Amino acid sequence: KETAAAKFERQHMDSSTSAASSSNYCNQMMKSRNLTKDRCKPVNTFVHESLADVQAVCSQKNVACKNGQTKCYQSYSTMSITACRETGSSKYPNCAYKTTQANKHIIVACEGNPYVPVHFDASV
């Protein structure tokens, strides 16, 4: 099935746009990345950097994940990101999202050999 690295790339990588310009960016991107297929995925974050930049985060600041494991890494520098949150008036299959564009440090869980992002934990 899909590898954890490619799932992280489908759910969280959007290098070809430097930033979200539209309020509907999340409605479009959550639909086309297959995150509203059987359910509205309530929370997602897209990262607007190159794959090599995002993968370099796995050799940067080692920190604890929310689940208590220390396979997480915090980026030393801020990155262009867009957070997607399902709103109160959102009902499947018509999923509605608030788009929040921001320049924030990201924290990703890294795993495997090669050692790459498999999970987006948070942004700080």
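Along the chain as shown, residues are numbered 1 onward.
Just so it is clear, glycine is given a Cβ too, placed from its N, Cα and C backbone atoms.
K1 (glycation site) falls outside any helix or strand according to DSSP and counts as coil. Taking a C-beta cut-off of under 8 Å and a sequence gap of six or more, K1 (glycation site) has no contacts in its own chain. The glycation site annotation in Swiss-Prot covers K1 (among others).
Annotation source Swiss-Prot lists glycation site at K7 (among others), citing experimental evidence. Mapped onto three states, the DSSP output places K7 (glycation site) in helix.
If you look up Swiss-Prot, you'll see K7, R10, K41, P42, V43, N44, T45, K66, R85 marked as substrate binding site. Other Cβ atoms within 10 Å of the Cβ of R85 (substrate binding site), summed over all protein chains shown, number 15.
Around the Cβ of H12 (active site, proton acceptor), the number of neighbouring Cβ atoms within 10 Å comes to 19. Under the heading active site, proton acceptor, Swiss-Prot lists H12.
Cβ contacts within 10 Å of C26 (disulfide bond), excluding its own Cβ and spanning all protein chains shown: 26. Look at Swiss-Prot and you will find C26-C84 (among others) tagged as disulfide bond.
With a cut-off of 8 Å between CB atoms and residues at least 6 apart in sequence, the same chain places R10 near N34 (N-linked glycosylation site), listed in sequence order. Annotation source Swiss-Prot lists N-linked glycosylation site at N34, citing experimental evidence.
Residues or ranges marked as glycation site in Swiss-Prot: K37 (among others). When other Cβ atoms within 10 Å of the Cβ of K37 (glycation site) are tallied across all protein chains shown, the result is 12. A coil conformation is recorded for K37 (glycation site) in the three-state DSSP classification, outside any helix or strand.
Its Cβ placed at the centre, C40 (disulfide bond) has 18 other Cβ atoms within 10 Å. The disulfide bond annotation in Swiss-Prot covers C40-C95 (among others), and the record cites experimental evidence as its basis.
Taking Cβ-Cβ distances under 8 Å and a sequence separation of 6 or more, the neighbours of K41 (substrate binding site) in its chain are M30, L35, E86. Swiss-Prot lists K41 (among others) with the feature glycation site, giving experimental evidence as the kind of evidence.
The DSSP secondary structure for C110 (disulfide bond) is strand. Among the features that Swiss-Prot reports, disulfide bond is placed at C58-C110 (among others).
Residue density at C72 (disulfide bond): 22 other Cβ atoms are found within 10 A of its Cβ, drawing on all protein chains shown. Annotation comment: Swiss-Prot describes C65-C72 (among others) as disulfide bond, evidence class experimental evidence.
The Cβ neighbour count for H119 (active site, proton donor), using a 10 Å radius and every protein chain shown, is 18. Positions annotated as active site, proton donor by Swiss-Prot: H119.
When the Cα of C40 (disulfide bond) is compared against those of the recorded positions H12, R85, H119, the shortest separation belongs to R85. Comparing the Cα of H12 (active site, proton acceptor) with the Cα of every entry in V43, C65, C72, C95, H119, these being the recorded positions, the smallest distance points to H119.
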